[PDB]
>>> print(open('structure-v2.txt').read())   # compact mmCIF, C-alpha atoms and all ligand atoms
# COMPACT_ATOMS: atom_id res chain seq x y z
CA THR X 1 -20.21 -12.01 -10.49
CA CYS X 2 -16.53 -11.26 -11.16
CA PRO X 3 -15.99 -7.94 -13.03
CA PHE X 4 -14.13 -7.84 -16.38
CA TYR X 5 -11.21 -5.76 -15.04
CA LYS X 6 -10.22 -8.63 -12.64
CA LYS X 7 -9.93 -11.17 -15.50
CA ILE X 8 -6.80 -11.70 -17.65
CA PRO X 9 -7.88 -12.49 -21.26
CA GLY X 10 -6.45 -15.59 -22.97
CA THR X 11 -5.67 -17.24 -19.62
CA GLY X 12 -7.40 -19.03 -16.77
CA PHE X 13 -6.25 -16.26 -14.39
CA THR X 14 -7.97 -13.72 -12.16
CA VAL X 15 -6.38 -10.98 -10.01
CA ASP X 16 -7.73 -10.01 -6.51
CA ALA X 17 -11.00 -11.92 -7.15
CA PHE X 18 -11.80 -13.94 -3.99
CA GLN X 19 -15.31 -12.55 -3.14
CA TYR X 20 -17.22 -13.99 -6.14
CA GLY X 21 -17.33 -17.72 -5.26
CA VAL X 22 -15.94 -20.19 -7.81
CA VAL X 23 -15.11 -18.08 -10.89
CA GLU X 24 -15.98 -19.97 -14.10
CA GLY X 25 -12.82 -21.02 -15.95
CA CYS X 26 -10.36 -19.77 -13.30
CA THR X 27 -7.46 -22.23 -12.81
CA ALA X 28 -5.24 -19.89 -10.72
CA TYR X 29 -6.10 -16.94 -8.44
CA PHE X 30 -3.45 -14.21 -8.09
CA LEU X 31 -3.32 -11.94 -5.00
CA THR X 32 -1.29 -8.71 -5.43
CA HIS X 33 -1.13 -7.76 -1.69
CA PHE X 34 -2.61 -8.33 1.78
CA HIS X 35 -5.22 -5.50 1.99
CA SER X 36 -8.82 -6.49 2.87
CA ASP X 37 -10.57 -5.02 -0.25
CA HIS X 38 -8.26 -7.29 -2.32
CA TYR X 39 -8.22 -10.52 -0.23
CA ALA X 40 -11.98 -10.31 0.67
CA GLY X 41 -13.30 -13.92 0.60
CA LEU X 42 -10.11 -15.92 1.42
CA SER X 43 -10.17 -18.29 4.47
CA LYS X 44 -8.99 -21.74 5.75
CA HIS X 45 -11.60 -23.38 3.48
CA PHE X 46 -10.26 -21.97 0.16
CA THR X 47 -9.13 -24.95 -2.01
CA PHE X 48 -7.86 -23.42 -5.29
CA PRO X 49 -4.22 -22.45 -6.07
CA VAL X 50 -3.24 -18.93 -4.86
CA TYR X 51 -0.22 -17.20 -6.41
CA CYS X 52 1.49 -14.36 -4.52
CA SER X 53 4.74 -13.03 -2.99
CA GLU X 54 6.53 -14.81 -0.06
CA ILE X 55 5.40 -12.08 2.38
CA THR X 56 1.76 -12.25 1.23
CA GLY X 57 2.02 -16.07 1.59
CA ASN X 58 3.22 -15.73 5.22
CA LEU X 59 0.16 -13.56 6.00
CA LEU X 60 -2.30 -15.95 4.28
CA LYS X 61 -0.90 -18.91 6.32
CA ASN X 62 -0.72 -17.20 9.72
CA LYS X 63 -3.50 -14.53 9.71
CA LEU X 64 -6.23 -16.09 7.48
CA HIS X 65 -5.21 -19.76 8.11
CA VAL X 66 -5.12 -20.74 4.44
CA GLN X 67 -3.72 -24.28 4.15
CA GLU X 68 -0.10 -24.47 3.01
CA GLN X 69 -0.81 -26.87 0.09
CA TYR X 70 -2.78 -24.11 -1.76
CA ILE X 71 -0.25 -21.26 -1.25
CA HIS X 72 2.17 -20.78 -4.18
CA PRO X 73 4.76 -18.11 -3.32
CA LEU X 74 6.93 -16.80 -6.19
CA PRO X 75 10.28 -14.98 -5.98
CA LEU X 76 10.47 -11.39 -7.29
CA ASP X 77 12.24 -10.38 -10.52
CA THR X 78 12.24 -14.00 -11.79
CA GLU X 79 10.59 -15.54 -14.89
CA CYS X 80 8.18 -18.31 -13.66
CA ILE X 81 5.81 -20.62 -15.61
CA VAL X 82 2.27 -20.92 -14.15
CA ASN X 83 -0.23 -23.25 -15.91
CA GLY X 84 1.72 -22.91 -19.15
CA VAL X 85 2.08 -19.08 -19.06
CA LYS X 86 5.25 -17.06 -18.27
CA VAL X 87 4.78 -14.54 -15.41
CA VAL X 88 7.01 -12.14 -13.42
CA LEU X 89 6.33 -10.47 -10.02
CA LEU X 90 7.76 -6.94 -9.49
CA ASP X 91 7.87 -4.80 -6.33
CA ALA X 92 4.89 -2.37 -6.36
CA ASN X 93 6.29 0.19 -3.84
CA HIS X 94 2.96 -0.13 -1.92
CA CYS X 95 2.86 -2.10 1.41
CA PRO X 96 5.12 -5.03 2.39
CA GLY X 97 4.75 -7.96 -0.01
CA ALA X 98 2.82 -5.95 -2.64
CA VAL X 99 3.53 -6.80 -6.29
CA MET X 100 2.79 -5.88 -9.90
CA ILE X 101 2.35 -8.87 -12.29
CA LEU X 102 3.67 -9.18 -15.87
CA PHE X 103 1.82 -11.78 -18.00
CA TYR X 104 3.33 -13.01 -21.29
CA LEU X 105 0.33 -14.41 -23.21
CA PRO X 106 0.75 -17.37 -25.60
CA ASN X 107 -0.35 -15.18 -28.56
CA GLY X 108 2.48 -12.61 -27.94
CA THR X 109 0.43 -10.04 -26.00
CA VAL X 110 2.12 -8.65 -22.84
CA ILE X 111 -0.06 -7.37 -19.93
CA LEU X 112 1.07 -5.47 -16.80
CA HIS X 113 -1.28 -5.45 -13.78
CA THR X 114 0.01 -2.87 -11.28
CA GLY X 115 -2.10 -4.06 -8.32
CA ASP X 116 -1.95 -1.12 -5.90
CA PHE X 117 1.32 0.87 -6.49
CA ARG X 118 3.24 4.11 -5.95
CA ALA X 119 4.96 4.73 -9.28
CA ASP X 120 8.66 5.57 -9.08
CA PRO X 121 11.40 6.26 -11.70
CA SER X 122 13.29 3.21 -10.29
CA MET X 123 10.61 1.04 -12.02
CA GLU X 124 11.98 2.28 -15.39
CA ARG X 125 15.01 0.00 -14.69
CA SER X 126 13.23 -3.18 -13.60
CA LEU X 127 12.46 -6.09 -16.03
CA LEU X 128 9.92 -3.61 -17.59
CA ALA X 129 12.79 -1.95 -19.47
CA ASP X 130 13.13 -4.88 -21.95
CA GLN X 131 9.88 -5.26 -23.81
CA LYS X 132 6.69 -3.69 -24.99
CA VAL X 133 3.48 -3.77 -22.88
CA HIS X 134 0.21 -3.90 -24.83
CA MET X 135 -2.32 -3.64 -21.98
CA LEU X 136 -1.99 -1.90 -18.57
CA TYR X 137 -4.40 -2.66 -15.67
CA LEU X 138 -3.74 0.57 -13.71
CA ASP X 139 -4.16 1.66 -10.04
CA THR X 140 -5.98 4.95 -10.73
CA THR X 141 -6.70 5.83 -7.04
CA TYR X 142 -5.42 9.45 -7.40
CA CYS X 143 -5.92 10.01 -11.16
CA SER X 144 -6.68 13.77 -11.05
CA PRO X 145 -4.28 16.79 -10.92
CA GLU X 146 -5.56 18.04 -7.57
CA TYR X 147 -4.01 14.99 -5.88
CA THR X 148 -0.60 16.27 -4.79
CA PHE X 149 1.39 15.16 -1.76
CA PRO X 150 5.09 15.16 -0.64
CA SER X 151 7.66 12.38 -0.97
CA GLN X 152 7.63 9.70 1.73
CA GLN X 153 11.15 10.88 2.75
CA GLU X 154 9.88 14.48 3.38
CA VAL X 155 6.95 13.22 5.47
CA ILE X 156 9.25 10.99 7.58
CA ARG X 157 11.68 13.90 8.18
CA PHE X 158 8.73 15.96 9.49
CA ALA X 159 7.57 13.14 11.78
CA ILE X 160 11.05 12.38 13.23
CA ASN X 161 11.83 16.07 13.87
CA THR X 162 8.38 16.69 15.48
CA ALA X 163 8.60 13.65 17.77
CA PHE X 164 12.23 14.23 18.80
CA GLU X 165 11.53 17.90 19.64
CA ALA X 166 8.41 17.12 21.73
CA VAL X 167 9.99 14.32 23.81
CA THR X 168 13.29 16.23 24.33
CA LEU X 169 11.23 19.18 25.69
CA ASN X 170 9.06 16.81 27.80
CA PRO X 171 10.63 13.38 28.64
CA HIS X 172 7.25 12.34 30.12
CA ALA X 173 5.43 12.63 26.74
CA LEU X 174 4.13 9.44 25.05
CA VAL X 175 4.06 9.10 21.24
CA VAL X 176 1.13 7.17 19.69
CA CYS X 177 0.76 6.09 16.02
CA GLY X 178 -2.50 4.86 14.42
CA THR X 179 -2.76 1.75 12.16
CA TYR X 180 -5.57 -0.37 10.53
CA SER X 181 -3.72 -2.55 8.01
CA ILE X 182 -0.20 -3.35 6.86
CA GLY X 183 1.76 -0.56 5.15
CA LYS X 184 3.30 2.72 6.38
CA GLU X 185 5.51 0.92 8.95
CA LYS X 186 8.32 3.48 8.34
CA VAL X 187 6.28 6.12 10.25
CA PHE X 188 6.42 4.31 13.62
CA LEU X 189 9.80 2.61 13.04
CA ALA X 190 11.57 5.91 12.21
CA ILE X 191 10.09 7.70 15.26
CA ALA X 192 11.03 4.84 17.64
CA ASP X 193 14.59 4.82 16.21
CA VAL X 194 15.14 8.58 16.87
CA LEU X 195 13.78 8.16 20.45
CA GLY X 196 15.88 5.05 21.27
CA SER X 197 12.78 2.96 21.95
CA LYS X 198 11.06 -0.19 20.72
CA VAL X 199 7.49 0.11 19.40
CA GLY X 200 4.82 -1.37 21.71
CA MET X 201 1.66 -2.99 20.32
CA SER X 202 -1.04 -5.65 20.77
CA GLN X 203 -0.27 -9.36 20.36
CA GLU X 204 -2.36 -9.37 17.14
CA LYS X 205 -0.37 -6.52 15.51
CA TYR X 206 2.94 -8.04 16.69
CA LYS X 207 1.94 -11.30 14.90
CA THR X 208 1.21 -9.42 11.66
CA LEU X 209 4.57 -7.62 11.72
CA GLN X 210 6.49 -10.89 12.40
CA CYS X 211 5.21 -12.14 8.93
CA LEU X 212 6.88 -9.26 6.92
CA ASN X 213 10.63 -10.19 6.59
CA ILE X 214 11.76 -6.78 7.95
CA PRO X 215 15.51 -6.96 8.80
CA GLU X 216 16.37 -6.98 12.53
CA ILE X 217 12.61 -6.77 13.47
CA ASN X 218 13.08 -8.45 16.90
CA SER X 219 15.27 -5.44 17.82
CA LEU X 220 12.51 -2.91 16.88
CA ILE X 221 9.07 -4.10 18.19
CA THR X 222 7.56 -5.53 21.40
CA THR X 223 4.33 -6.55 23.20
CA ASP X 224 5.70 -5.11 26.50
CA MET X 225 3.90 -1.73 26.52
CA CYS X 226 5.64 -0.63 29.77
CA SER X 227 9.11 -0.84 28.14
CA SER X 228 8.10 1.36 25.14
CA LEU X 229 7.52 5.15 24.67
CA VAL X 230 6.05 4.72 21.12
CA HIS X 231 2.69 2.84 21.16
CA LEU X 232 0.56 1.60 18.23
CA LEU X 233 -3.22 1.74 18.48
CA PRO X 234 -6.10 1.09 16.07
CA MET X 235 -6.73 4.09 13.77
CA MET X 236 -10.26 4.39 15.25
CA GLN X 237 -8.81 5.23 18.68
CA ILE X 238 -6.76 8.23 17.37
CA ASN X 239 -9.11 10.94 18.70
CA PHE X 240 -9.25 13.00 21.93
CA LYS X 241 -11.56 10.52 23.74
CA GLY X 242 -9.62 7.39 22.79
CA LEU X 243 -6.23 8.94 23.58
CA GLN X 244 -7.41 10.28 26.99
CA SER X 245 -8.58 6.75 27.82
CA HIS X 246 -5.23 5.29 26.76
CA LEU X 247 -3.30 7.84 28.90
CA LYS X 248 -5.34 6.74 31.96
CA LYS X 249 -4.21 3.13 31.39
CA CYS X 250 -0.47 4.07 31.47
CA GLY X 251 -0.48 4.51 35.29
CA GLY X 252 0.95 8.03 35.60
CA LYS X 253 4.08 7.25 33.59
CA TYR X 254 3.13 10.01 31.09
CA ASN X 255 1.49 13.46 31.25
CA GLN X 256 1.19 14.33 27.49
CA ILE X 257 0.37 12.50 24.19
CA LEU X 258 1.71 13.36 20.75
CA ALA X 259 -0.25 11.28 18.15
CA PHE X 260 0.11 10.66 14.39
CA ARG X 261 -2.64 9.68 11.88
CA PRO X 262 -1.00 8.61 8.61
CA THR X 263 -3.74 9.30 6.12
CA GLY X 264 -3.62 9.28 2.34
CA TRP X 265 -4.47 12.52 0.57
CA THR X 266 -6.73 15.07 2.31
CA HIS X 267 -8.01 18.51 1.02
CA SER X 268 -5.54 20.39 3.29
CA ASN X 269 -2.82 19.26 0.78
CA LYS X 270 -4.25 21.88 -1.65
CA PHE X 271 -3.51 24.72 0.83
CA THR X 272 -0.62 23.72 3.07
CA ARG X 273 3.04 22.61 2.67
CA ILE X 274 4.35 19.71 4.83
CA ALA X 275 6.61 22.13 6.77
CA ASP X 276 3.57 24.29 7.71
CA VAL X 277 1.48 21.36 9.09
CA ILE X 278 -0.03 21.93 12.57
CA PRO X 279 -1.88 19.60 14.97
CA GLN X 280 -5.35 19.62 16.49
CA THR X 281 -4.90 20.14 20.26
CA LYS X 282 -7.08 19.72 23.37
CA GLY X 283 -5.31 20.12 26.73
CA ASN X 284 -2.30 17.76 26.96
CA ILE X 285 -3.13 15.86 23.69
CA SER X 286 -2.02 16.83 20.14
CA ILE X 287 -2.93 14.97 16.89
CA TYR X 288 -1.05 15.36 13.58
CA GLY X 289 -2.53 14.20 10.28
CA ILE X 290 0.39 13.43 7.95
CA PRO X 291 0.00 12.72 4.19
CA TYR X 292 2.06 9.50 3.93
CA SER X 293 0.83 7.92 0.64
CA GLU X 294 1.44 4.39 -0.66
CA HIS X 295 -0.37 5.26 -3.96
CA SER X 296 0.93 7.29 -6.95
CA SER X 297 0.36 11.02 -7.03
CA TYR X 298 -1.18 12.28 -10.30
CA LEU X 299 2.27 13.42 -11.58
CA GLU X 300 3.98 10.12 -10.59
CA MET X 301 1.23 8.11 -12.40
CA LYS X 302 1.44 10.32 -15.52
CA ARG X 303 5.25 9.94 -15.75
CA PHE X 304 5.08 6.12 -15.43
CA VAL X 305 2.38 5.75 -18.09
CA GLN X 306 4.09 8.15 -20.57
CA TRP X 307 7.32 6.12 -20.14
CA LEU X 308 5.60 2.72 -20.56
CA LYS X 309 3.54 3.83 -23.64
CA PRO X 310 0.80 1.13 -23.33
CA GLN X 311 -1.61 0.51 -26.25
CA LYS X 312 -4.66 0.21 -23.94
CA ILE X 313 -5.32 1.20 -20.29
CA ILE X 314 -7.90 -0.51 -18.04
CA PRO X 315 -8.48 1.37 -14.73
CA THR X 316 -8.95 -0.76 -11.58
CA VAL X 317 -10.02 2.06 -9.14
CA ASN X 318 -12.80 4.70 -9.37
CA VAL X 319 -14.61 2.47 -11.93
CA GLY X 320 -18.12 2.81 -10.42
CA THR X 321 -19.34 6.20 -11.79
CA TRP X 322 -19.66 7.58 -15.33
CA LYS X 323 -18.13 10.92 -14.24
CA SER X 324 -14.99 9.17 -12.86
CA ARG X 325 -14.63 6.92 -15.89
CA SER X 326 -15.00 9.93 -18.31
CA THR X 327 -12.49 12.03 -16.31
CA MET X 328 -9.83 9.27 -16.32
CA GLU X 329 -10.29 8.60 -20.06
CA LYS X 330 -9.74 12.32 -20.85
CA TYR X 331 -6.42 12.26 -18.92
CA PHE X 332 -5.20 9.09 -20.66
CA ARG X 333 -5.82 10.79 -24.06
CA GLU X 334 -4.04 13.98 -22.95
CA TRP X 335 -1.02 11.91 -21.85
CA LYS X 336 -0.91 10.01 -25.17
CA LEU X 337 -1.18 13.19 -27.33
CA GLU X 338 1.52 15.01 -25.30
CA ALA X 339 4.03 12.11 -25.47
CA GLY X 340 3.16 11.01 -29.06
CA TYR X 341 2.35 7.26 -28.64
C1 LIG X 401 19.10 -1.13 -6.23
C2 LIG X 401 17.84 -0.82 -7.03
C3 LIG X 401 17.92 0.54 -7.72
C4 LIG X 401 17.51 -1.95 -8.02
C5 LIG X 401 16.04 -2.34 -8.04
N1 LIG X 401 15.85 -3.61 -8.86
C6 LIG X 401 14.88 -3.55 -10.01
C7 LIG X 401 13.51 -3.06 -9.63
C8 LIG X 401 13.21 -1.70 -9.61
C9 LIG X 401 11.95 -1.24 -9.27
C10 LIG X 401 10.95 -2.14 -8.96
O1 LIG X 401 9.70 -1.70 -8.63
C11 LIG X 401 11.22 -3.50 -8.99
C12 LIG X 401 12.49 -3.95 -9.33
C13 LIG X 401 15.43 -2.53 -6.66
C14 LIG X 401 16.20 -1.81 -5.57
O2 LIG X 401 16.77 -0.60 -6.07
NI NI X 402 -3.82 -1.54 -1.08
>>> encode(input="structure-v2.txt", output="structure tokens")
Amino acid sequence: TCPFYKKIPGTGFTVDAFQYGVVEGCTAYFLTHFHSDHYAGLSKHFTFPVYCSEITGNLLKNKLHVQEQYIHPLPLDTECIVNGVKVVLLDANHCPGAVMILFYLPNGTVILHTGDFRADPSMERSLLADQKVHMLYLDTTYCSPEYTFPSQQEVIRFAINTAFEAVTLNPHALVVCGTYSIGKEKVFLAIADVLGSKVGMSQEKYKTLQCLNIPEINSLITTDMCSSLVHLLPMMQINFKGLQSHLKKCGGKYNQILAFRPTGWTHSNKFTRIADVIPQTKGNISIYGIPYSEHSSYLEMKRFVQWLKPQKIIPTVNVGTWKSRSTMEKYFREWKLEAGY
């Protein structure tokens, strides 16, 4: 059964609702981005219209084998009519191809669905600047004041400087970066760039990255592991056992591993500044956890909502417990009383 927060009232539309079978009354299924909790249920046998970005469409065709006749890519920042309703796709500042969706209902109501997003002041000068938004379907992943983390730029500076120092001290060190989905590509791309290397990876990950429209990508990535001193591995292998095993496979080319685990928020954010971050070390292997987020911090979320001034907010994350729902509702009321809407 499809939950209420994935339905758009006054339309035949659902958002990120592919795991519920045939949804009664749904004439078009929107997909905000290619993450598995959101696409769960899509396959080569799906036969309803899917609306999404160009990049998400490339991934549906090549990774999930969805037939081309059912994929409806839409350009960004452009008014489009879908089944008689005006819609606009906006960049969500999440992973590649991720969008927010503006729906202009026939009755005059305007709804914004953020999908997954990292709010930014640059959104205050998109097509959102024009008109009023009545209902907001909000990515509330980190909707609590304890969730603080640095800018993406600060985290990348730390990673580049750490990697460059380690490999300049020891030219026989290998750098490894963990991954389990699309997103956070800047971490491994920026490190490879400072080291003058391509990024080496499996055939399967190479395929995924070739779908993302990244400029000059053929110059940056490879399946030839022997040519590369920055390797990508599954996130599950970023531990002392898995990294030791990987080092064995490299044939005595390297004598040290420096590894990065790009997490979201972790409790050590409450204590430590990005500059003060230290690795876990065993012998010739060091592992850094770095807080590279593709979701809004609490303060970023608050600023966006107080600017937008929506009449009603519908959370799409942390909806499963009464304590979470009550906590989020108290913050939304605080924000409204402070700003005066
Ligand atoms: C050069 C600028 C500043 C213009 C900006 N265009 C509008 C926009 C802003 C934010 C969005 O999330 C979506 C669209 C994108 C790139 O950066
Ligand atoms: Ni996501």
>>> residues_around(input="structure-v2.txt", residues="residue 297 of chain X", least_positions_apart="2", cutoff="8 Å", atoms="all atoms listed in the file", output="list in words")
residues 118, 142, 143, 147, 148, 149, 295, 299, 300 and 301 of chain X
>>> write_last_selection(input="structure-v2.txt", atoms="C-alpha atoms", output="short mmCIF file (atom, residue, chain, number, x, y, z; two decimals), in the frame of the given file")
data_model
loop_
_atom_site.label_atom_id
_atom_site.label_comp_id
_atom_site.auth_asym_id
_atom_site.auth_seq_id
_atom_site.Cartn_x
_atom_site.Cartn_y
_atom_site.Cartn_z
CA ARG X 118 3.24 4.11 -5.95
CA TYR X 142 -5.42 9.45 -7.40
CA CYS X 143 -5.92 10.01 -11.16
CA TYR X 147 -4.01 14.99 -5.88
CA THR X 148 -0.60 16.27 -4.79
CA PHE X 149 1.39 15.16 -1.76
CA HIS X 295 -0.37 5.26 -3.96
CA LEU X 299 2.27 13.42 -11.58
CA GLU X 300 3.98 10.12 -10.59
CA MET X 301 1.23 8.11 -12.40
#
>>> atom_distance(input="structure-v2.txt", atom1="atom CA of residue 192 of chain X", atom2="atom CA of residue 204 of chain X")
19.5 Å
>>> closest_residue(input="structure-v2.txt", among="X:122, X:69, X:170, X:47", to="ligand LIG 401 (chain X)", atoms="only C-alpha atoms and all ligand atoms")
X:122
>>> closest_atom_pairs(input="structure-v2.txt", of="chain X", to="ligand LIG 401 (chain X)", cutoff="10 Å", atoms="only C-alpha atoms and all ligand atoms", output="JSON lines")
{"residue": "X:76", "atom": "CA", "partner": "X:LIG401", "partner_atom": "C12", "distance": 8.0}
{"residue": "X:77", "atom": "CA", "partner": "X:LIG401", "partner_atom": "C12", "distance": 6.5}
{"residue": "X:89", "atom": "CA", "partner": "X:LIG401", "partner_atom": "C11", "distance": 8.6}
{"residue": "X:90", "atom": "CA", "partner": "X:LIG401", "partner_atom": "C11", "distance": 4.9}
{"residue": "X:91", "atom": "CA", "partner": "X:LIG401", "partner_atom": "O1", "distance": 4.3}
{"residue": "X:92", "atom": "CA", "partner": "X:LIG401", "partner_atom": "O1", "distance": 5.4}
{"residue": "X:93", "atom": "CA", "partner": "X:LIG401", "partner_atom": "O1", "distance": 6.2}
{"residue": "X:94", "atom": "CA", "partner": "X:LIG401", "partner_atom": "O1", "distance": 9.6}
{"residue": "X:99", "atom": "CA", "partner": "X:LIG401", "partner_atom": "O1", "distance": 8.3}
{"residue": "X:100", "atom": "CA", "partner": "X:LIG401", "partner_atom": "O1", "distance": 8.2}
{"residue": "X:117", "atom": "CA", "partner": "X:LIG401", "partner_atom": "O1", "distance": 9.0}
{"residue": "X:118", "atom": "CA", "partner": "X:LIG401", "partner_atom": "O1", "distance": 9.1}
{"residue": "X:119", "atom": "CA", "partner": "X:LIG401", "partner_atom": "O1", "distance": 8.0}
{"residue": "X:120", "atom": "CA", "partner": "X:LIG401", "partner_atom": "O1", "distance": 7.4}
{"residue": "X:121", "atom": "CA", "partner": "X:LIG401", "partner_atom": "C9", "distance": 7.9}
{"residue": "X:122", "atom": "CA", "partner": "X:LIG401", "partner_atom": "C9", "distance": 4.8}
{"residue": "X:123", "atom": "CA", "partner": "X:LIG401", "partner_atom": "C9", "distance": 3.8}
{"residue": "X:124", "atom": "CA", "partner": "X:LIG401", "partner_atom": "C9", "distance": 7.1}
{"residue": "X:125", "atom": "CA", "partner": "X:LIG401", "partner_atom": "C8", "distance": 5.7}
{"residue": "X:126", "atom": "CA", "partner": "X:LIG401", "partner_atom": "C6", "distance": 4.0}
{"residue": "X:127", "atom": "CA", "partner": "X:LIG401", "partner_atom": "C6", "distance": 7.0}
{"residue": "X:128", "atom": "CA", "partner": "X:LIG401", "partner_atom": "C12", "distance": 8.7}
{"residue": "X:129", "atom": "CA", "partner": "X:LIG401", "partner_atom": "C6", "distance": 9.8}
>>> write_last_selection(input="structure-v2.txt", atoms="C-alpha atoms", output="PDB file, keeping the file's coordinate frame")
ATOM      1  CA  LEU X  76      10.470 -11.390  -7.290  1.00  0.00           C
ATOM      2  CA  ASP X  77      12.240 -10.380 -10.520  1.00  0.00           C
ATOM      3  CA  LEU X  89       6.330 -10.470 -10.020  1.00  0.00           C
ATOM      4  CA  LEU X  90       7.760  -6.940  -9.490  1.00  0.00           C
ATOM      5  CA  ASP X  91       7.870  -4.800  -6.330  1.00  0.00           C
ATOM      6  CA  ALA X  92       4.890  -2.370  -6.360  1.00  0.00           C
ATOM      7  CA  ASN X  93       6.290   0.190  -3.840  1.00  0.00           C
ATOM      8  CA  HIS X  94       2.960  -0.130  -1.920  1.00  0.00           C
ATOM      9  CA  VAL X  99       3.530  -6.800  -6.290  1.00  0.00           C
ATOM     10  CA  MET X 100       2.790  -5.880  -9.900  1.00  0.00           C
ATOM     11  CA  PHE X 117       1.320   0.870  -6.490  1.00  0.00           C
ATOM     12  CA  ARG X 118       3.240   4.110  -5.950  1.00  0.00           C
ATOM     13  CA  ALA X 119       4.960   4.730  -9.280  1.00  0.00           C
ATOM     14  CA  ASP X 120       8.660   5.570  -9.080  1.00  0.00           C
ATOM     15  CA  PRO X 121      11.400   6.260 -11.700  1.00  0.00           C
ATOM     16  CA  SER X 122      13.290   3.210 -10.290  1.00  0.00           C
ATOM     17  CA  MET X 123      10.610   1.040 -12.020  1.00  0.00           C
ATOM     18  CA  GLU X 124      11.980   2.280 -15.390  1.00  0.00           C
ATOM     19  CA  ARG X 125      15.010   0.000 -14.690  1.00  0.00           C
ATOM     20  CA  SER X 126      13.230  -3.180 -13.600  1.00  0.00           C
ATOM     21  CA  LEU X 127      12.460  -6.090 -16.030  1.00  0.00           C
ATOM     22  CA  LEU X 128       9.920  -3.610 -17.590  1.00  0.00           C
ATOM     23  CA  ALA X 129      12.790  -1.950 -19.470  1.00  0.00           C
TER      24      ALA X 129
END
>>> closest_residue(input="structure-v2.txt", among="X:43, X:272, X:318, X:32", to="ligand NI 402 (chain X)", atoms="all atoms listed in the file")
X:32
>>> closest_atom_pairs(input="structure-v2.txt", of="chain X", to="ligand NI 402 (chain X)", cutoff="9 Å", atoms="only C-alpha atoms and all ligand atoms", output="CSV")
residue,atom,partner,partner_atom,distance
X:32,CA,X:NI402,NI,8.8
X:33,CA,X:NI402,NI,6.8
X:34,CA,X:NI402,NI,7.5
X:35,CA,X:NI402,NI,5.2
X:36,CA,X:NI402,NI,8.1
X:37,CA,X:NI402,NI,7.6
X:38,CA,X:NI402,NI,7.4
X:94,CA,X:NI402,NI,7.0
X:95,CA,X:NI402,NI,7.2
X:98,CA,X:NI402,NI,8.1
X:115,CA,X:NI402,NI,7.9
X:116,CA,X:NI402,NI,5.2
X:117,CA,X:NI402,NI,7.8
X:182,CA,X:NI402,NI,8.9
X:183,CA,X:NI402,NI,8.4
X:294,CA,X:NI402,NI,7.9
X:295,CA,X:NI402,NI,8.2
>>> closest_atom_pairs(input="structure-v2.txt", of="segment 162-220 of chain X", to="segment 231-246 of chain X", cutoff="10 Å", atoms="all atoms listed in the file", output="Markdown table")
| residue | atom | partner | partner_atom | distance |
| --- | --- | --- | --- | --- |
| X:174 | CA | X:231 | CA | 7.8 |
| X:175 | CA | X:231 | CA | 6.4 |
| X:176 | CA | X:231 | CA | 4.8 |
| X:177 | CA | X:232 | CA | 5.0 |
| X:178 | CA | X:235 | CA | 4.3 |
| X:179 | CA | X:235 | CA | 4.9 |
| X:180 | CA | X:235 | CA | 5.6 |
| X:181 | CA | X:234 | CA | 9.2 |
| X:188 | CA | X:232 | CA | 7.9 |
| X:192 | CA | X:231 | CA | 9.3 |
| X:198 | CA | X:231 | CA | 8.9 |
| X:199 | CA | X:231 | CA | 5.8 |
| X:200 | CA | X:231 | CA | 4.8 |
| X:201 | CA | X:232 | CA | 5.2 |
| X:202 | CA | X:232 | CA | 7.8 |
| X:205 | CA | X:232 | CA | 8.6 |
>>> write_last_selection(input="structure-v2.txt", atoms="C-alpha atoms", output="compact mmCIF listing (two decimals), keeping the file's coordinate frame")
# COMPACT_ATOMS: atom_id res chain seq x y z
CA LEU X 174 4.13 9.44 25.05
CA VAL X 175 4.06 9.10 21.24
CA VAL X 176 1.13 7.17 19.69
CA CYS X 177 0.76 6.09 16.02
CA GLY X 178 -2.50 4.86 14.42
CA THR X 179 -2.76 1.75 12.16
CA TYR X 180 -5.57 -0.37 10.53
CA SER X 181 -3.72 -2.55 8.01
CA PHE X 188 6.42 4.31 13.62
CA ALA X 192 11.03 4.84 17.64
CA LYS X 198 11.06 -0.19 20.72
CA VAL X 199 7.49 0.11 19.40
CA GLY X 200 4.82 -1.37 21.71
CA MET X 201 1.66 -2.99 20.32
CA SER X 202 -1.04 -5.65 20.77
CA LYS X 205 -0.37 -6.52 15.51
>>> residues_around(input="structure-v2.txt", residues="residue 102 of chain X", least_positions_apart="3", cutoff="7 Å", atoms="only C-alpha atoms", output="PyMOL selection string")
chain X and resi 87-89+111-113
>>> residues_around(input="structure-v2.txt", residues="residue 75 of chain X", least_positions_apart="4", cutoff="9 Å", atoms="only C-alpha atoms", output="PyMOL selection string")
chain X and resi 52-54+79-80+88-89
>>> closest_residue(input="structure-v2.txt", among="X:3, X:214, X:153, X:22", to="residue 320 of chain X", atoms="all atoms listed in the file")
X:3
>>> decode(input="structure-v2.txt", residues="segment 127-140 of chain X", atoms="C-alpha atoms", output="mmCIF file, in the first residue's frame")
data_model
loop_
_atom_site.group_PDB
_atom_site.id
_atom_site.type_symbol
_atom_site.label_atom_id
_atom_site.label_comp_id
_atom_site.auth_asym_id
_atom_site.auth_seq_id
_atom_site.Cartn_x
_atom_site.Cartn_y
_atom_site.Cartn_z
ATOM 1 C CA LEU X 127 12.321 29.450 -10.681
ATOM 2 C CA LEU X 128 11.194 29.233 -6.981
ATOM 3 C CA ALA X 129 11.726 33.002 -6.667
ATOM 4 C CA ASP X 130 8.575 33.820 -8.723
ATOM 5 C CA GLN X 131 5.577 32.379 -6.961
ATOM 6 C CA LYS X 132 4.045 31.181 -3.757
ATOM 7 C CA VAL X 133 4.291 27.518 -2.639
ATOM 8 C CA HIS X 134 1.326 26.198 -0.629
ATOM 9 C CA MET X 135 2.589 22.698 0.260
ATOM 10 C CA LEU X 136 6.183 21.463 0.783
ATOM 11 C CA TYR X 137 7.055 17.718 0.757
ATOM 12 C CA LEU X 138 10.369 18.037 2.669
ATOM 13 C CA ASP X 139 13.549 15.886 2.982
ATOM 14 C CA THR X 140 13.778 15.938 6.794
#
